[PDB]
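Data block for upload33.pdb (PDB, C-alpha atoms and all ligand atoms):
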```pdb
ATOM      1  CA  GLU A1092      33.447  67.380  16.761
ATOM      2  CA  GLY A1093      30.642  64.881  16.175
ATOM      3  CA  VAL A1094      27.078  65.132  17.503
ATOM      4  CA  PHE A1095      24.916  64.390  20.569
ATOM      5  CA  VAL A1096      22.777  61.211  20.428
ATOM      6  CA  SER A1097      20.656  59.231  22.861
ATOM      7  CA  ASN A1098      19.870  55.511  23.034
ATOM      8  CA  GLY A1099      16.602  56.546  24.831
ATOM      9  CA  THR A1100      18.042  56.785  28.419
ATOM     10  CA  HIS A1101      21.617  58.181  28.173
ATOM     11  CA  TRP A1102      23.239  60.994  26.164
ATOM     12  CA  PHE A1103      26.535  60.449  24.311
ATOM     13  CA  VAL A1104      28.693  62.487  21.967
ATOM     14  CA  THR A1105      29.765  60.507  18.868
ATOM     15  CA  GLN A1106      31.613  61.173  15.566
ATOM     16  CA  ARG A1107      29.400  62.002  12.535
ATOM     17  CA  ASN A1108      30.268  59.014  10.241
ATOM     18  CA  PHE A1109      30.682  55.911  12.520
ATOM     19  CA  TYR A1110      28.731  55.224  15.744
ATOM     20  CA  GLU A1111      31.204  55.189  18.661
ATOM     21  CA  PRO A1112      29.430  56.553  21.786
ATOM     22  CA  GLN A1113      31.453  58.529  24.376
ATOM     23  CA  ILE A1114      30.683  60.072  27.797
ATOM     24  CA  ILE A1115      29.831  63.797  27.514
ATOM     25  CA  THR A1116      32.643  65.770  29.267
ATOM     26  CA  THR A1117      34.168  69.265  29.522
ATOM     27  CA  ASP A1118      36.973  67.821  27.290
ATOM     28  CA  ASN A1119      34.798  66.830  24.243
ATOM     29  CA  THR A1120      32.408  69.878  24.491
ATOM     30  CA  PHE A1121      32.783  73.706  24.450
ATOM     31  CA  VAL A1122      30.599  76.340  26.210
ATOM     32  CA  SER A1123      28.688  79.358  24.882
ATOM     33  CA  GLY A1124      26.095  81.351  26.911
ATOM     34  CA  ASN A1125      23.042  80.178  28.927
ATOM     35  CA  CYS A1126      20.171  77.751  28.079
ATOM     36  CA  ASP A1127      17.628  80.458  27.073
ATOM     37  CA  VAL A1128      18.755  81.281  23.486
ATOM     38  CA  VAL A1129      19.032  77.819  21.828
ATOM     39  CA  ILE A1130      16.050  76.109  20.106
ATOM     40  CA  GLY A1131      15.726  72.454  21.258
ATOM     41  CA  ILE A1132      18.500  72.362  23.921
ATOM     42  CA  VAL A1133      18.126  69.494  26.493
ATOM     43  CA  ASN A1134      19.290  68.926  30.092
ATOM     44  CA  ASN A1135      22.062  66.447  31.024
ATOM     45  CA  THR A1136      25.102  66.148  33.334
ATOM     46  CA  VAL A1137      28.435  67.041  31.651
ATOM     47  CA  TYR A1138      31.293  65.195  33.416
ATOM     48  CA  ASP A1139      34.383  67.038  34.780
ATOM     49  CA  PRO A1140      37.703  65.076  34.430
ATOM     50  CA  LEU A1141      39.422  67.160  37.200
ATOM     51  CA  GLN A1142      37.198  65.918  40.095
ATOM     52  CA  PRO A1143      39.091  62.600  40.806
ATOM     53  CA  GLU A1144      42.261  64.757  41.075
ATOM     54  CA  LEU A1145      40.472  67.244  43.422
ATOM     55  CA  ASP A1146      39.486  64.156  45.504
ATOM     56  CA  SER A1147      43.253  63.949  46.395
TER      57      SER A1147
ATOM     58  CA  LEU B 894      20.500  59.465   6.824
ATOM     59  CA  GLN B 895      17.850  61.777   8.364
ATOM     60  CA  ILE B 896      19.125  64.817  10.346
ATOM     61  CA  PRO B 897      17.245  67.928  11.682
ATOM     62  CA  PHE B 898      17.697  70.922   9.335
ATOM     63  CA  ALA B 899      19.150  73.268  12.007
ATOM     64  CA  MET B 900      21.750  70.492  12.689
ATOM     65  CA  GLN B 901      22.597  70.170   8.989
ATOM     66  CA  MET B 902      23.116  73.959   8.925
ATOM     67  CA  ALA B 903      25.454  73.783  11.955
ATOM     68  CA  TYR B 904      27.611  71.198  10.109
ATOM     69  CA  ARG B 905      27.499  73.498   7.011
ATOM     70  CA  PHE B 906      28.642  76.532   9.106
ATOM     71  CA  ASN B 907      31.343  74.355  10.733
ATOM     72  CA  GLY B 908      32.582  73.627   7.150
ATOM     73  CA  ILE B 909      33.377  77.368   6.473
ATOM     74  CA  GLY B 910      35.405  77.872   9.705
ATOM     75  CA  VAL B 911      32.455  79.489  11.612
ATOM     76  CA  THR B 912      31.857  77.858  15.024
ATOM     77  CA  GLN B 913      28.498  75.975  15.444
ATOM     78  CA  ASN B 914      27.166  78.215  18.248
ATOM     79  CA  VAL B 915      26.960  81.133  15.748
ATOM     80  CA  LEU B 916      23.992  79.345  14.092
ATOM     81  CA  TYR B 917      22.068  78.396  17.257
ATOM     82  CA  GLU B 918      22.533  81.834  18.844
ATOM     83  CA  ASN B 919      21.252  83.469  15.570
ATOM     84  CA  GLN B 920      18.833  80.878  14.087
ATOM     85  CA  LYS B 921      15.887  83.367  13.835
ATOM     86  CA  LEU B 922      18.003  85.947  11.969
ATOM     87  CA  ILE B 923      19.559  83.299   9.665
ATOM     88  CA  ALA B 924      16.139  81.776   8.845
ATOM     89  CA  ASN B 925      14.665  85.253   8.099
ATOM     90  CA  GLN B 926      17.655  86.270   5.901
ATOM     91  CA  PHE B 927      17.257  82.954   4.009
ATOM     92  CA  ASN B 928      13.439  83.161   3.562
ATOM     93  CA  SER B 929      13.765  86.846   2.493
ATOM     94  CA  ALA B 930      16.612  86.035   0.037
ATOM     95  CA  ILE B 931      14.421  83.288  -1.559
ATOM     96  CA  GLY B 932      11.629  85.930  -1.865
ATOM     97  CA  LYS B 933      13.946  88.227  -3.918
ATOM     98  CA  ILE B 934      14.443  85.362  -6.454
ATOM     99  CA  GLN B 935      10.725  85.409  -7.398
ATOM    100  CA  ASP B 936      10.737  89.227  -7.604
ATOM    101  CA  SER B 937      13.921  89.170  -9.773
ATOM    102  CA  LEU B 938      12.565  86.496 -12.188
ATOM    103  CA  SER B 939       9.101  88.186 -12.251
ATOM    104  CA  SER B 940      10.723  91.640 -12.856
ATOM    105  CA  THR B 941      12.783  90.598 -15.942
ATOM    106  CA  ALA B 942      13.349  87.578 -18.208
TER     107      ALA B 942
HETATM  108  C1  LIG C   1      21.879  53.353  27.050
HETATM  109  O1  LIG C   1      23.312  53.197  27.302
HETATM  110  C2  LIG C   1      23.680  52.902  28.707
HETATM  111  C3  LIG C   1      25.193  52.680  28.791
HETATM  112  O2  LIG C   1      25.583  51.680  27.832
HETATM  113  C4  LIG C   1      22.903  51.679  29.196
HETATM  114  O3  LIG C   1      23.092  51.555  30.648
HETATM  115  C5  LIG C   1      23.894  50.410  31.071
HETATM  116  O4  LIG C   1      23.127  49.174  30.895
HETATM  117  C6  LIG C   1      23.863  47.945  31.289
HETATM  118  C7  LIG C   1      22.970  46.730  31.005
HETATM  119  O5  LIG C   1      21.630  46.991  31.466
HETATM  120  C8  LIG C   1      24.298  48.065  32.760
HETATM  121  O6  LIG C   1      25.164  46.957  33.094
HETATM  122  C9  LIG C   1      25.095  49.355  33.004
HETATM  123  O7  LIG C   1      25.429  49.449  34.416
HETATM  124  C10 LIG C   1      24.274  50.571  32.557
HETATM  125  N1  LIG C   1      25.040  51.803  32.761
HETATM  126  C11 LIG C   1      24.485  52.928  33.204
HETATM  127  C12 LIG C   1      25.401  54.159  33.253
HETATM  128  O8  LIG C   1      23.306  52.984  33.547
HETATM  129  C13 LIG C   1      21.403  51.818  28.971
HETATM  130  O9  LIG C   1      20.772  50.590  29.410
HETATM  131  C14 LIG C   1      21.113  52.088  27.496
HETATM  132  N2  LIG C   1      19.677  52.261  27.293
HETATM  133  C15 LIG C   1      18.924  51.409  26.616
HETATM  134  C16 LIG C   1      17.441  51.775  26.497
HETATM  135  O10 LIG C   1      19.392  50.395  26.102
HETATM  136  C1  LIG C   2      16.248  72.051  32.515
HETATM  137  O1  LIG C   2      16.479  71.994  33.954
HETATM  138  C2  LIG C   2      16.170  73.256  34.655
HETATM  139  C3  LIG C   2      16.526  73.072  36.133
HETATM  140  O2  LIG C   2      17.833  72.479  36.216
HETATM  141  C4  LIG C   2      14.691  73.594  34.443
HETATM  142  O3  LIG C   2      14.464  74.931  35.020
HETATM  143  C5  LIG C   2      13.258  75.099  35.841
HETATM  144  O4  LIG C   2      12.084  75.191  34.972
HETATM  145  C6  LIG C   2      10.777  75.449  35.629
HETATM  146  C7  LIG C   2       9.721  75.612  34.531
HETATM  147  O5  LIG C   2      10.145  76.623  33.592
HETATM  148  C8  LIG C   2      10.878  76.681  36.547
HETATM  149  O6  LIG C   2       9.702  76.753  37.382
HETATM  150  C9  LIG C   2      12.084  76.587  37.486
HETATM  151  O7  LIG C   2      12.147  77.802  38.286
HETATM  152  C10 LIG C   2      13.370  76.394  36.669
HETATM  153  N1  LIG C   2      14.528  76.337  37.565
HETATM  154  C11 LIG C   2      15.639  77.039  37.353
HETATM  155  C12 LIG C   2      16.768  76.847  38.379
HETATM  156  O8  LIG C   2      15.758  77.805  36.396
HETATM  157  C13 LIG C   2      14.327  73.625  32.949
HETATM  158  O9  LIG C   2      12.896  73.809  32.802
HETATM  159  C14 LIG C   2      14.756  72.334  32.231
HETATM  160  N2  LIG C   2      14.531  72.460  30.789
HETATM  161  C15 LIG C   2      13.955  71.514  30.056
HETATM  162  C16 LIG C   2      13.898  71.779  28.540
HETATM  163  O10 LIG C   2      13.518  70.478  30.555
HETATM  164  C1  LIG C   3       9.564  69.231  17.508
HETATM  165  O1  LIG C   3       8.331  68.989  16.765
HETATM  166  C2  LIG C   3       7.152  68.682  17.608
HETATM  167  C3  LIG C   3       5.952  68.426  16.688
HETATM  168  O2  LIG C   3       6.203  67.258  15.878
HETATM  169  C4  LIG C   3       6.918  69.861  18.562
HETATM  170  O3  LIG C   3       5.861  69.524  19.485
HETATM  171  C5  LIG C   3       8.173  70.173  19.387
HETATM  172  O4  LIG C   3       7.907  71.336  20.220
HETATM  173  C6  LIG C   3       9.368  70.435  18.457
HETATM  174  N1  LIG C   3      10.581  70.671  19.239
HETATM  175  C7  LIG C   3      11.538  71.493  18.819
HETATM  176  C8  LIG C   3      12.808  71.566  19.671
HETATM  177  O5  LIG C   3      11.414  72.151  17.790
END
```
Re-express the file's structure as structure tokens.
Amino acid sequence: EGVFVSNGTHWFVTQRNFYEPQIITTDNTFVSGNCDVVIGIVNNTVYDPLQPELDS
Amino acid sequence: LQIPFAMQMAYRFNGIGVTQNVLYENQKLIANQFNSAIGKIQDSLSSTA
């Protein structure tokens, strides 16, 4: 829910009706297919919330 | 508020319970069905009053 935006250096997801920028993660995004199909897709890291736990 | 048209159409698909990726994975087909459907309007109105 919401949309991807950039301040010119970083990419955030944010809700459609009130700017509240959030880190892009596997929790706030869903996957479908590879890069090749989509018009205007861009490259960024998507954070994984499990990795601090796998550090234990 | 400006927004790209293929992003407006993803919000519009998301409003009928169809997941956004359906648009982006089919944007060529959806654009051609739309442009073709607009073409039939002129043929219909030109064919009969
Ligand atoms: C885009 O947003 C990011 C995050 O708010 C900005 O990067 C931060 O900038 C402050 C102040 O320069 C630093 O203290 C932080 O350490 C930065 N964080 C990161 C992750 O780099 C970034 O400056 C913003 N871009 C612009 C053009 O304003
Ligand atoms: C997104 O990043 C990938 C790599 O992470 C880029 O893929 C490379 O693109 C060049 C030019 O097409 C190829 O020579 C490389 O072989 C590609 N590498 C891989 C691993 O596929 C991709 O071009 C980037 N996309 C954008 C829009 O910047
Ligand atoms: C966006 O439009 C510019 C021309 O203004 C074009 O060069 C660019 O390739 C376009 N990108 C996408 C994702 O359509």
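Distances to chain A were evaluated for B:902, B:915, B:942, B:909 using only C-alpha atoms, and the minimum falls at B:915.
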Please report as a VMD selection string which residues of chain A come no farther than 7 Å from chain B, using only C-alpha atoms. chain A and resid 1123 1128 to 1129
Axis-aligned box for ligand LIG 2 (chain C), 3 Å per side, centre and edges in Å as AutoDock Vina command-line options:
```
--center_x 13.8 --center_y 74.1 --center_z 33.5 --size_x 14.1 --size_y 13.3 --size_z 15.8
```
Test item: residues lying within 7 Å of ligand LIG 1 (chain C) with all atoms listed in the file, as a PyMOL selection string: chain A and resi 1098-1101
Suppose we keep C-alpha atoms; can you now write the selection as a compact mmCIF listing (two decimals), in the coordinates of the input?
```txt
# COMPACT_ATOMS: atom_id res chain seq x y z
CA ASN A 1098 19.87 55.51 23.03
CA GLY A 1099 16.60 56.55 24.83
CA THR A 1100 18.04 56.78 28.42
CA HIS A 1101 21.62 58.18 28.17
```
Report as CSV: every residue of chain A with an atom at most 8 Å from ligand LIG 3 (chain C), its closest pair of atoms, and their distance in Å to one decimal, counting all atoms listed in the file, with rows sorted by chain and ascending residue number.
```
residue,atom,partner,partner_atom,distance
A:1130,CA,C:LIG3,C8,5.6
A:1131,CA,C:LIG3,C8,3.4
A:1132,CA,C:LIG3,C8,7.1
```
Check which residues satisfy the PyMOL selection byres (((chain A and resi 1111-1118) around 9) and not hetatm) in the file shown, then give them as JSON, numbers by chain. {"A": [1095, 1096, 1102, 1103, 1104, 1105, 1106, 1109, 1110, 1119, 1120, 1121, 1122, 1135, 1136, 1137, 1138, 1139, 1140]}
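Minimum distance to ligand LIG 2 (chain C) across A:1142, A:1147, A:1097, A:1134 (counting all atoms listed in the file) occurs at A:1134.
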Pairwise distance, CA of residue 923 in chain B with CA of residue 1124 in chain A, equals 18.5 Å
